[PDB]
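Visitor: Below: one structure in structure tokens.
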Amino acid sequence: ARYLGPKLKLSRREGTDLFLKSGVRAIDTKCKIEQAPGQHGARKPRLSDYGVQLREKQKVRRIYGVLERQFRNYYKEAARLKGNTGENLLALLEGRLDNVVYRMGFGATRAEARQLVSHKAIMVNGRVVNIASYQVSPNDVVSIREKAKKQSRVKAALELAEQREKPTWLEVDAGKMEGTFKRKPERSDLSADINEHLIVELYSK
Amino acid sequence: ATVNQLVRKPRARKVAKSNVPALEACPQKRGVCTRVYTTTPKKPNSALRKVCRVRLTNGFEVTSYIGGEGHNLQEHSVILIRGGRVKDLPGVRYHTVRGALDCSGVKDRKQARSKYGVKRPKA
Amino acid sequence: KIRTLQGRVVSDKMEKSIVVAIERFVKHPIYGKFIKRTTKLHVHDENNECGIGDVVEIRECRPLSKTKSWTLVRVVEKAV
Amino acid sequence: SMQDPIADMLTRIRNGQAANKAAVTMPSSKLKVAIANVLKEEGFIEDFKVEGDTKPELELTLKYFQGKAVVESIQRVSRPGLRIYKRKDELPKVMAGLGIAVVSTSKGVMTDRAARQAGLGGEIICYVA
Amino acid sequence: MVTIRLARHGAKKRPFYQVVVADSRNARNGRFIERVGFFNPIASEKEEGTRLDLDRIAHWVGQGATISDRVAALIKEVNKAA
Amino acid sequence: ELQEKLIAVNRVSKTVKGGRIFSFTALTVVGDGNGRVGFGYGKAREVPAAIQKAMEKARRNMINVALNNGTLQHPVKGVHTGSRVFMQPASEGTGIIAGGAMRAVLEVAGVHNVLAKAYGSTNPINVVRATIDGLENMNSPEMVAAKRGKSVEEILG
RNA sequence: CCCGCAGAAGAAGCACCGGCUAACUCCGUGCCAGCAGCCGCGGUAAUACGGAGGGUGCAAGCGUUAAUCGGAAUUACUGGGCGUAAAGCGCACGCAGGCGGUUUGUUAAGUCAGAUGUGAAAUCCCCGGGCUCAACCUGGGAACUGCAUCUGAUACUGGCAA
RNA sequence: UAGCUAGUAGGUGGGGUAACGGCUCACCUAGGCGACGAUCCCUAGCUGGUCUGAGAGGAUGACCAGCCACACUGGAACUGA
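First to last, the protein sequences are chains A, B, C, D, E and F.
Counting with the numbering used here, you get residues 15 to 219 for the letters of the first sequence.
Counting with the numbering used here, you get residues 506 to 628 for the letters of the second sequence.
Counting with the numbering used here, you get residues 178 to 257 for the letters of the third sequence.
Counting with the numbering used here, you get residues 18 to 146 for the letters of the fourth sequence.
Counting with the numbering used here, you get residues 43 to 124 for the letters of the fifth sequence.
Counting with the numbering used here, you get residues -7 to 149 for the letters of the sixth sequence.
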């Protein structure tokens, strides 16, 4: 159900940094980015109007590591929800348990965060959950279990979070390792470079 | 138009018939597979297509195309018959499912081995 | 109050029974046109108090034969 | 042979708008006056005269805000060959609400907008917008 | 014969009983007159777990409705006075 | 700031005494993304010149369309030469639901909603003239109130 | 369901890459072998055949076949046309049927408003809750666009009378 | 598939059914249905529902539930509410 592969080649096909390999070294410096998705990566294809829809749909999927079957269910849940469909779909992706712990800074990458939550290291509301796709509600609190605490993986990851953008929909203390989910993320709170406009259009055909 | 005429005779639907008239609502059937032979295609193409007539277990007598390079069918060896025409040979409406009861997979097929009934290479 | 239905007499030579057609003004399920439909009914009555081709009054009653589960109430605007 | 006197209004108005005619005339009736009164207070027609003792001629007077026609499209809905009736919750909104729908309700002839606050619908006479 | 009994619903190993007014000649989850509440055997302390419409139950017993063993304990379990 | 977009490129022939001499015809639309659209057909011997002659024709053939804060005002037909273009107001439609040569002329208008549907012919050249025809004849409540009613409030309920 | 042991150890394949449709080269064969849903490829320089490499899509599933709907506004009630693309009967009379100028009174038959009964439960939708999340279950509401009865409205259609 | 029907349509009287009823017999009347499709042929369990469809519609009736019919085939009756 996971990718399990060269998670920097996905950034080369999309032509942008997907934060799949953030880690301790901030700048990547070993990617050969924008010039080798494959053997014929130097050539620039025509990239027709269906292609810019498929590349946009895959790019958000590569970032969060969500497969097509689970991502399509997120779109149907965003369609039935009130308001803008693209806003709800990004909120649903931003409300995932494996995503929010990466937003807390307990994981250097989302794959590291997805492995951390699966190994029963997330201790939410005093109730342990190992499901990556757990949709967290507002005014909830997430923590780290004592059996998986301070084991040289998360302290190497929380010191990497001050060079990040400081999300405003959640608060991190990093001393008690207790993270709270204050509110649903807004459109201006996220990266703001991704275009959710092309996302809805592709599923309508 | 003219709705008053419509209540005297409603809109008749375009009734359609399938291209594979062998027991509708059925994926595959097996036949006793007599007279394996060859047929030259229509004029825009030129070949020696391996075709086969099939006496199905339902009583129908139809001809089917044997996909892949080479087969082991002769007058016997009941095979599995699935739908799908050829657009090269007039009359052929079906295809033989290679990898079935009595027809083995095509030798030396590394790509598209789910089709033509070819198993995974050992190493 | 009893549910009474109108209707015009079709056939009379039936020996103390009568055939009355009831016209219903129903809308088409699909095209939406209002087509006047006909509902024939065998109506019970006395020997002959209403002729052929006139409007009568009908009410539902106990079945009285293999047909004719409806009886007559009164005759209004009789035949000419 | 002159089945629908309401569509006679609608074809004369629509042709009156394309021909740039200032006024049109037609034999009047009680229903013809009622729809003309609805169009008068809505802004499609400034005034209409009903002169005539035994053969009244409903003299409509068309307006033009610009060189284009004020009455863009006007169509007959409740044709005599196909009667159309709508409930209070089924009243249509012609042209996203900014175009009226003349409806014959139980309280008289008025627009679809006026019928909704009346809480009762009726026969949709026409779509004028 | 009118009876007041439980209808077995819910997923496997998570039973949910709906107390219902049905005829004894009918099936367990079959034809019934009307439902009068529910009962949760595997319940929690959230808000509920047993709810019956006691005024409709007392209406049926005046017409000869026989109360089965579990719901009779549930009628005692709901504790009309407290 | 003009948001250029090529739609389709077709190769046409003339069939002259020497033989077939080919030519390329383009189809481009431009629009500032605030309510202005305009198309230029263009034709030349080669593709980049046929595109470029369509660049200049679209700029001088722009038309103004009033938008309802990013969507069109009311549902409308757009019939033009066998192409029956129809669009619904689709209040917050969340993404352009439109077909071939329907998306390009709309995304330059500056929209992100409204559903579209094309009936009859699907020829790219005619449908882009059908969309502009459907867009230009539309009126917004501020000038519907001028032509009729003489009031902005009572015409919209 | 919880705790302890050991170690990444026990766990990734399937289809496609000429256009439709996301993805390219090379090698071998040469209208042969073969592909193909359609357009069509293969004639000794094949992104269409077979293989290799690379990539694309999906994922404990992936392709093919079979069946329904959609696209198909190619049965058009919503929502098509009949001069030349398929479509005015050769023409006329005329029964049933369909529609019908204008005014007044009456009826409420059609139409509309309200109320009542009913439209089983389960299913759809919305607001919540419980299974570690989800699937799943469940509470309430909405809905079930329908039918019957009663009380009214009298504008439009119909009946009656002038 | 343009005519079908002779206990067939109705009436009087008798019998019969938990109960009306040609339900069943005697007599009389010559009636009854059908172009808003009777009779005949082919096919089919019906519905809440399911899938698809923006909607209208279209196909469908596996699973859950309500009703019906069947219990090797044909026919018949007893017991029993």
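We treat Cβ as the ideally placed atom computed from N, Cα and C, and that holds for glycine.
Using a beta-carbon distance below 7 Å, is residue 20 of chain F in contact with chain A?
Guide: So no, residue 20 of chain F is outside the interface.
Visitor: List the residues of chain F that residue 100 of chain A touches, going by C-beta distances under 8 Å, in chain order.
Guide: Per Cβ cutoff of 8 Å: 86 and 87.
Visitor: If we define contact as Cβ-Cβ less than 7 Å, is residue 108 of chain D a contact residue for chain C?
Guide: Not closer than 7 Å to any Cβ of chain C, the Cβ of residue 108 of chain D fails to qualify, so no.
Visitor: At which residue ranges does the stretch 163 to 198 of chain A contain complete beta strand (DSSP E) runs of 3 or more residues, listed in the order of the chain?
Guide: Those beta strand (DSSP E) runs which fall completely within the stretch 163 to 198 of chain A and span 3+ residues are 184 to 186 and 193 to 195.
Visitor: Could one say the Cβ of residue 195 of chain C lies closer than 7 Å to chain B's Cβ atoms, at least one of them?
Guide: No, residue 195 of chain C does not count as interfacial toward chain B.
Visitor: Starting from residue 43 of chain D, find everything on chain F with Cβ-Cβ shorter than 7 Å and list it in chain order.
Guide: Per Cβ cutoff of 7 Å: no residues; residue 43 of chain D is ~21 Å from chain F at best.
Visitor: Where does residue 115 of chain E fall in DSSP's three states?
Guide: Here residue 115 of chain E sits in helix by DSSP.
Visitor: Taking DSSP's pairing of strands, which residues face residue 20 of chain F in a bridge?
Guide: F/-2 and F/32, per the DSSP bridge assignment.
Visitor: Would you say the beta carbon of residue 127 of chain D comes nearer than 6 Å to a heavy atom of the ligand SAM?
Guide: No copy of the ligand SAM appears in this structure; indeed no ligand is present at all.
Visitor: Using 7 Å as the threshold, is the C-beta distance between residue 50 of chain F and residue 27 of chain F below it?
Guide: It is not a contact, given that the beta carbons lie outside the stated cut-off.
Visitor: Per DSSP, what kind of secondary structure is residue 121 of chain D in: helix, strand or coil?
Guide: Correct three-state label for residue 121 of chain D: strand.
Visitor: Relative to the C-alpha of residue 181 of chain C, which residue among C/254, C/255 and C/248 is closest?
Guide: Of the candidates C/254, C/255 and C/248, the one whose C-alpha sits nearest the C-alpha of residue 181 of chain C is C/248.
Visitor: Just mark residue 207 of chain C as buried or exposed, buried being the case when its beta carbon has 16 or more other beta carbons within 10 Å.
Guide: Answer is exposed; the Cβ neighbour count stays below 16.
Visitor: If contacts are defined as beta-carbon pairs under 8 Å, then residue 62 of chain F and residue 105 of chain F qualify, I think. What distance do you get, rounded to the angstrom?
Guide: Right, their Cβ atoms sit about 7 Å apart.
Visitor: Please determine if the stretch 240 to 257 of chain C and the stretch 29 to 43 of chain D are in contact, where contact requires at least 3 C-beta pairs separated by less than 8 Å.
Guide: No: the two stretches stay apart, fewer than three of their Cβ pairs being nearer than 8 Å.
Visitor: Under 8 Å, with one C-beta from each stretch per pair, do the stretch 41 to 58 of chain D and the stretch 70 to 81 of chain D reach the 3-pair mark?
Guide: Output reads yes: the stretch 70 to 81 of chain D touches the stretch 41 to 58 of chain D.
Visitor: Distance, Cα to Cα, residue 36 of chain D vs residue 125 of chain F?
Guide: Roughly 22 Å between the two C-alpha positions.
Visitor: Can you tell me the Cβ-Cβ gap for residue 66 of chain F and residue 118 of chain F, rounded? I've got them flagged as a contact below 8 Å.
Guide: 23 Å between Cβ atoms; not a contact.
Visitor: Exposed or buried, which one is residue 91 of chain D when buried takes at least 16 other CB atoms within 10 Å?
Guide: Buried, since its Cβ has 16 or more Cβ neighbours within 10 Å.
Visitor: If I follow the unbroken alpha helix (DSSP H) through residue 64 of chain A, where does it start and stop?
Guide: Residue 64 of chain A -> alpha helix (DSSP H) spans 63 to 78.
Visitor: Give a yes or no on whether the C-beta atoms belonging to residue 567 of chain B and residue 585 of chain B are separated by under 7 Å.
Guide: No.
Visitor: Would you mind telling me which residues of chain D sit closer than 7 Å to residue 210 of chain C, beta carbon to beta carbon, in chain order?
Guide: Going along chain D in sequence order, the residues near residue 210 of chain C (Cβ under 7 Å) are 99.
Visitor: Measuring alpha carbon to alpha carbon, tell me which of C/246, C/201, C/257 and C/204 ends up nearest residue 194 of chain C.
Guide: Comparing Cα-Cα distances from residue 194 of chain C to each of C/246, C/201, C/257 and C/204, the minimum goes to C/246.
Visitor: Could you tell me which of C/178, C/196, C/191 and C/192 sits nearest to residue 185 of chain C, measuring between CA atoms?
Guide: Taking only the C-alpha atoms, the option nearest residue 185 of chain C is C/196.
Visitor: Quick one: what's got a C-beta closer than 6 Å to residue 255 of chain C's C-beta in the same chain, skipping five residues either side?
Guide: The answer, listed in chain order, is 231.
Visitor: Roughly how many angstroms separate the alpha carbons of residue 64 of chain A and residue 37 of chain F, rounded to a whole number?
Guide: Answer to the nearest angstrom: the Cα atoms are 29 Å apart.
Visitor: Could you pull out every residue in the same chain whose Cβ sits closer than 6 Å to the Cβ of residue 520 of chain B, ignoring the five residues on either side in sequence?
Guide: Contacts found: none.
Visitor: Whose C-beta lies closer than 8 Å to the C-beta of residue 149 of chain A among residues of the same chain, with five residues either side of it excluded?
Guide: Hits under 8 Å: 106, 109, 110 and 111.
Visitor: CA-CA distance, residue 38 of chain D and residue 113 of chain D?
Guide: Near 29 Å, if we compare the C-alpha coordinates of residue 113 of chain D and residue 38 of chain D.
Visitor: According to DSSP, is residue 525 of chain B part of a helix, a strand, or is it coil?
Guide: Residue 525 of chain B: coil per DSSP, three-state reduction.
Visitor: Residue 114 of chain D CB to nearest chain F CB: under 7 Å?
Guide: At least one chain F Cβ lies under 7 Å of residue 114 of chain D.
Visitor: When you check each C-beta in the stretch 581 to 608 of chain B against every C-beta of chain C, which residues fall closer than 8 Å?
Guide: Against chain C - using a Cβ distance shorter than 8 Å - the stretch 581 to 608 of chain B contributes no residues.
Visitor: So, does the CB of residue 66 of chain F fall closer than 7 Å to a CB anywhere in chain A?
Guide: Residue 66 of chain F does not count as touching chain A.
Visitor: Do residue 72 of chain E and residue 61 of chain E have their C-beta atoms within less than 7 Å of each other?
Guide: No, the Cβ-Cβ distance between residue 72 of chain E and residue 61 of chain E is not below 7 Å.
Visitor: Exposed or buried, which one is residue 215 of chain C when buried takes at least 16 other CB atoms within 10 Å?
Guide: Per the 10 Å Cβ criterion, exposed.
Visitor: Can you check whether the CB of residue 580 of chain B is closer than 7 Å to the CB of residue 539 of chain B?
Guide: In this structure, residue 580 of chain B lies closer than 7 Å to residue 539 of chain B by Cβ.
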